[PDB]
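Taken in sequence, the protein lines are chains A and B.
Following the UniProt record's numbering, the numbering of the first sequence begins with 564 at its first residue and continues without gaps.
Following the UniProt record's numbering, the numbering of the second sequence begins with 915 at its first residue and continues without gaps.
Remarks on the structure that follows.
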Amino acid sequence: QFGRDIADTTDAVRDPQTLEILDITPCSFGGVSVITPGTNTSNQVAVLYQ
Amino acid sequence: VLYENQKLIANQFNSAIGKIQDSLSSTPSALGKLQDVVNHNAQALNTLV
């Protein structure tokens, strides 16, 4: 009915309606860091997605 | 004792370079530290998984 990997997580599932096989991949995730200079100089910032 | 047998010591150095290039990957246990530090973190991360 389904399958796992070395991570012991369900990364492959089979829908019981049809005979196809559907992969399982998580959507976008990760931390965020803000690039900025010293606050005494300027307030301009940059956004970095990890 | 270098300018008098420069050709001999040059040939010896080239032979040493060739034999260390041949024996760098002669055994799988030569690069033990890099493989160990790869495994000790990869297996720990996977065990945390």
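Where a beta carbon is used, it is the ideal one built from N, C-alpha and C, also for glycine.
(message) Counting only C-beta atoms, is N606(A) closer than 8 angstroms to chain C at any point?
(response) Of the chains in the structure shown, none is chain C; the protein chains are A and B.
(message) If you follow the alpha helix (DSSP H) that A958(B) is in, where does it begin and where does it stop?
(response) For this step, residue 958(B) is matched to residue 44 along the second sequence. Residues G946 to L962.
(request) Report the rounded CA-to-CA distance for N919(B) versus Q926(B), giving the unit in angstroms. (result) Position 5 of the second sequence, counted from the first residue, corresponds to residue 919(B). Position 12 of the second sequence, counted from the first residue, corresponds to residue 926(B). Rounded to whole angstroms, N919(B) to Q926(B) spans 11 angstroms at the Cα level.
(message) Mapping the DSSP letters down to three states, classify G932(B) as helix, strand or coil.
(response) The residue given as residue 932(B) occupies position 18 in the second sequence. Three-state DSSP puts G932(B) in a helix.
(message) Cutting at 7 angstroms between CB atoms, please list the residues of its own chain near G594(A), excluding the five before and the five after it.
(response) Counting from one through the first sequence, the residue named residue 594(A) turns up at place 31. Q613, listed in sequence order.
(request) Report yes if the CB atom of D574(A) is closer than 8 angstroms to the CB atom of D586(A), and no otherwise. (result) What you label residue 574(A) is simply residue 11 of the first sequence in a count that begins at 1. What you label residue 586(A) is simply residue 23 of the first sequence in a count that begins at 1. Taking 8 angstroms as the Cβ cut-off, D574(A) and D586(A) qualify as a contacting pair.
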